[PDB]
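Here is the structure we will look at.
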Amino acid sequence: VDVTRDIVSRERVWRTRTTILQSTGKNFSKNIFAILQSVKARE
Amino acid sequence: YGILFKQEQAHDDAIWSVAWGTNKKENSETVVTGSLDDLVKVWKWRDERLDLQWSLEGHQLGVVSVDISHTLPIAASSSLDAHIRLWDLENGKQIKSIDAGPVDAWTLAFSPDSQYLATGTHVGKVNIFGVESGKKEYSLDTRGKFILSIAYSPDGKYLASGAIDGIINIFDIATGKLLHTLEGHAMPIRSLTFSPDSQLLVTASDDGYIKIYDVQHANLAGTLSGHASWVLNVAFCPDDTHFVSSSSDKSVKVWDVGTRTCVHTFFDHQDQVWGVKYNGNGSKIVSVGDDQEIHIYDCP
Amino acid sequence: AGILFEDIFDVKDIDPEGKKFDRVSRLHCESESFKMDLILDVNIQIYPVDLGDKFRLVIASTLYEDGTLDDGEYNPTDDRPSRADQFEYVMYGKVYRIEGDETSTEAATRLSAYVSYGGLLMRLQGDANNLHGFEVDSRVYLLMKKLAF
Amino acid sequence: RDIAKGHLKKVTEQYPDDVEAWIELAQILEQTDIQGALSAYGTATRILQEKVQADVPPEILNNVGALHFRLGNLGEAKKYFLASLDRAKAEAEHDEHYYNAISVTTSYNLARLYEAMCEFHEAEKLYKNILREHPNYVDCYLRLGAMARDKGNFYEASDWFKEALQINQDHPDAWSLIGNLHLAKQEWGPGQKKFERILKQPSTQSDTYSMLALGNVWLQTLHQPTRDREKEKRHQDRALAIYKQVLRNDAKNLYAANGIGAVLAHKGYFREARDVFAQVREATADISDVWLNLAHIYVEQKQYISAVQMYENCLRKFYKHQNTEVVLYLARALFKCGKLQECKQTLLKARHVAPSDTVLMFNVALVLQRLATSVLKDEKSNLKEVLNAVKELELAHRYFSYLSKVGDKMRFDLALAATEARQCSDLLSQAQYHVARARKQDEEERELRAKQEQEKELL
């Protein structure tokens, strides 16, 4: 029916599942993979 | 519609139940509560004021259930120490101590005739001890998981039980036989009580819906959306016009039993309320819980 | 180590009584996990903080990770790796008082360490367990850093 | 969006008969601070009345109520949604703008609100009023099963959730809901990998939701004593590879580091797990998982002082009061006076909600023995406590016999209660030895009070 494309075309989804996974801020992995790699060399 | 009396710091520990009278046998004016600090305080609601009358002790574990006998001014108290001690509000002395070992001791259930006391067993059965005997008279053979709530009817014609999985077991206290088994819930039934006319049966599960079933034909009369947390305590007004609902969300909603509508809600409790009970006439609504604060709710 | 304290706070009220000075303002933060108060004065000119900001506040006893306890003099030419390299506002003060809800018989449950950062005061009013490494007249650092979340 | 914001900052100051300028302002600020779109809608609502007497279209009231739906102004958003319904119903000639879809979205947000206003009856009826008129809608059909899923995970929820997938199998929301059904019973531990790998095709890729649900179902397989069989180490390396991949493609996803900290702690690095969990805590610490994962290191380093508040803070949420799993983590290496008698109070608070667990009934006995051995061995202590310690020891001994008859246990047979029974035996002997010390101290205090009363008689 047209009721589907009448609503999926005008609405706004600001948040979904994948939004929830990332922080709202800026936390890259340069400060994460650094220790992640340091832990593997000591073993 | 508000709060009359405000008892700050009603205990050292959290209160888990509250009992108040409805008859004229020196029960409606005295307030018997049982908290986890092992103080069975006998509060005397005299001069429209909550005064301590007796302070009973002796329980090893915190008090789990307090109720006033209907035809009698005496009382009793259960805990998890498998030692159900009977008390007297006439002397503030101990009558006896039913050693309901080794652990099988749960909420109490005064008979309206004040002659039997039901207590849950961990095996799933409902042991019916005798008030003046102490011995295990007769036990209902309805096994399962565990009895989480037991209640007597005001005229004594039926008896229900809340299991751990939302299984109402409608017994017959007049013959001692399972008649119906209502399974309209899958949530552990916290508490329940009977209507003043023994016609409706409320169930306080952990889904926040007040599903009021019927007993005469064992059927659901209507799903009431309760709170968002778990309804702990639920009592009916003596004049049978409303019924209160204690949840675990600092919320004292007073639902209507006829229209299924909240007629008033209290938010004076900083913590979750644990026990709610009416007065003899239904205006003062006493309430306890982890706030350790006994509020007296008037709704004239 | 030497971490006398560590938490996340967030500014709940900035200078409330009115601004008394011009480069210094009172932050009345509250904590997030241990549920502590804070009354802080920061140099609002070189490190501006606005309401609803969240910062990680690490009150430390030394700056070097090994806890080797420096003297209290300023020497900028120093190789040793510090804790100040991952923070943005570091202060250095001296705890001047420890009030509490002691009674005459039993002990206290809520403490209040008042430390003073060269003139810029602070009060960490919490409960008596997180305020343990604080004893009056001892040198302490501040180390706060704004969370951009 | 930066250019639209900077352009809107130019139309905001000047007033060239701005009429729709505040709409484009709030149309950007819905993802950003939710108060800014509200401030723009308040003025856009009144700026549409000076040119003519024209009612506000339902489209502005619906979104202003939608913002307030997420806020605590639920009653006010409800009046906004009722009025948006009443206005969109008035659009009898707005067949091009489709007032009907506007009433559909307003009623959808309104039932979404009613489900949240402690009213599932009105939410069911509003969501069924959309089902009766447009069965090709998915969210109204998905939100109905959630309401019955509160009463149990075997009711019309598990059925509505699979009925939505057959009509739209390319719906990642409806298909991700399927694996959430199998999460009630983790008996589908290994077998869930198949149903999670359905929409793992490249047309759905990349999907962080499913890839992380895989790492979760793989982490659940840890905490097993078969680690020396070179089996759990491989499981760690597999989940670590999953996490490194969802790390390389998403550095700002927190759940990726969430499992990495779990594995590094499972590798034995609690000293180095606080650093990985620090970035997660700092970004958002208001997720139920971090309050616990962080709290295990603190209870690990003999800091119950930093662990007991972390557990209370998780229980600050309006979902329960007395959970079992927290209080299990609460008592770990507690020996202190505020950590034994008080620990019993929390244990009783936990068993109060469901006593059927064996571990609560076992730990309440282990703490009881710890306290009784801390008054009947080196004490030489108060007299009333020697009377009370035997009562507690008797109750613990009665529980020792009741535990031994139960069949199922904590995935570990409780056959080792014999050492506990022997401890309680020699404890009974030491109590009978010290109850005489109690009477000796009684005579000591009686003679002290008499030798003081005579000194007072001299005065």
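In chain D, numbers come from Swiss-Prot; the residues present are 394-852, in order.
If you're wondering, the header gives electron microscopy, 3.1 Å.
Every residue, even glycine, has its Cβ placed from backbone N, Cα and C.
Pulled from Swiss-Prot:
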type	residues	note
REPEAT	D:412-444	repeat 'TPR 8'
REPEAT	D:451-484	repeat 'TPR 9'
REPEAT	D:497-530	repeat 'TPR 10'
REPEAT	D:531-564	repeat 'TPR 11'
REPEAT	D:566-598	repeat 'TPR 12'
REPEAT	D:613-646	repeat 'TPR 13'
REPEAT	D:647-680	repeat 'TPR 14'
REPEAT	D:681-714	repeat 'TPR 15'
REPEAT	D:717-750	repeat 'TPR 16'
Contacting positions for the repeat 'TPR 8' (D:412-444) when only residues 6+ beyond its ends and CB under 8 Å are counted: 394, 397-398, 401, 404-405, 453-454, 456-457, 460-461, 463-464
Close approaches to the repeat 'TPR 11' (D:531-564) from elsewhere in its chain (Cβ under 8 angstroms; 6 or more beyond its ends): 501, 504-505, 508, 513, 516-517, 520-521, 523-524, 570-571, 574, 577, 592, 597
Long-range environment of the repeat 'TPR 16' (D:717-750) - Cβ separation under 8 angstroms, sequence gap at least 6: 685, 688-689, 692, 695, 697, 700-701, 704, 707-708, 756-757, 760-761, 763-764, 767
Within the repeat 'TPR 16' (D:717-750), residues counted as helix, strand or coil by DSSP: 22 helix, 0 strand, 12 coil
